[PDB]
Amino acid sequence: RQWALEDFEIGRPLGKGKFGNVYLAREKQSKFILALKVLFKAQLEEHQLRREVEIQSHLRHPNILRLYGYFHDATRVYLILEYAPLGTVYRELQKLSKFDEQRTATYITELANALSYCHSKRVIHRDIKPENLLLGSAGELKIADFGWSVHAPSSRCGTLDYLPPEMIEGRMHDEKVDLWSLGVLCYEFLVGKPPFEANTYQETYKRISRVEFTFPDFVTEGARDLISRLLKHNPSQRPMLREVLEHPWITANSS
Ligand SMILES: Clc1ccc(CN2CCN(c3c(Br)cnc4[nH]c(-c5ccc(CN6CCOCC6)cc5)nc34)CC2)cc1
């Protein structure tokens, strides 16, 4: 509907941002609890936001954070979001230092579903990472932040860690961007850091580009294999989500 700031009691900040802020909040009439992202039209310098709104508003899936509405204020702008009671996968990762195969395989599965769904609408997220992954009340994973997403195919800096060769190289990309990230994520869940970390934007580039990762000895054949299949330079050689969900190692450990 037509919305407004005074429909809502603000509560705690949930995270900082250069574009704005996200508060805990409660719609006054329903006592409905949600996340309000409040943005600064001043810093913005329109383009993706229109997109991140159009796209998120039109997606409903349990593993994808809901967009309920927006409204601008004209010094500010507000997205009314689903609030995710258990925080980010990123804090969960930093708290527990690394994940068992079970947690990881499950997360990946949820992720696969949400992604498969997205591609089924020709939607590429392009920025799947822990800080954009959220936990519902059941501990269910929830893809968030459709800030960089677009229709496929597409063309296009910010951190390089979860982006694929085809994208950093400025080539043309499609839904397969997400498949490379699922692999980066898988790795990072198991290991505690992404397979191309480096101290330098420029070095991480060379790593991503030449596809250079090694595994800790503690990483099983089953995961090595999946991760290796996910992380192929030529996007066409990456498995469909359907195969991903099928993978022996996935099937052996998810829920
Ligand atoms: Cl403008 C802007 C500012 C910050 C951000 C980054 N944040 C974006 C996401 N935010 C949340 C959104 Br949207 C929806 N539901 C949420 N729920 C939480 C959440 C919930 C609980 C916590 C606290 N932890 C709960 C688990 O135990 C340890 C403490 C921290 C965050 N954050 C969000 C918080 C993280 C993005 C954009």
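All Cβ positions, even for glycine, are placed from backbone atoms using ideal geometry, and neighbour counts span all protein chains on display. Every read-out reported here was derived from the displayed coordinates using simple, explicitly stated rules and does not represent laboratory data.
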Partners for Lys121 among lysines (Cα-Cα distance below 18 Å; same-chain residues under 8 apart left out): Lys142, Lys176
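Which of the peptides 124-132, 181-189, 3-11 is most tightly packed, and how do the rest follow, judged by the mean count of other Cβ atoms within 10 Å per residue? It would help to have the intermediate numbers written out before the result.
Numbers: 124-132: 21.7, 181-189: 24.4, 3-11: 13.4.
Order by mean packing, descending: 181-189, 124-132, 3-11.
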Choose one of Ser57, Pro164, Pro239: the residue whose Cα lies farthest towards the positive end of the charge dipole of the chain (beta-carbon charges +1 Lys, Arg; -1 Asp, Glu; about the Cα centre). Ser57
Over all Cα pairs of the range 1-87, how is the pair count split among 10 Å bins, expressed in % and running from 0 up to the last occupied bin? 16, 52, 30, 1
Jot down the radius of gyration and Dmax of the chain, Cα atoms only, both in angstrom. 18.5, 56
Only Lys, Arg, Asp and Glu count, each charged at its Cβ (+1, +1, -1, -1), so figure out the dipole size of the chain about its Cα centre, rounded to 20 debye. 440 debye
With +1 at each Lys and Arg Cβ and -1 at each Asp and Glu Cβ, the charge dipole magnitude of the range 1-87 around its Cα centre, to the nearest 20 debye, comes out at 180 debye
Whole-Hz Karplus couplings 3J(HN,Hα) for the range 108-119, θ = phi - 60° and coefficients 6.51, -1.76, 1.60, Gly and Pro as x, run 3, 5, 3, 4, 3, 5, 4, 6, 4, 4, 3, 5
Which Cα, out of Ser181, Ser97, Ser228, lies furthest along the positive dipole direction of the range 88-253 (beta carbon charges, K/R +1, D/E -1)? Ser181
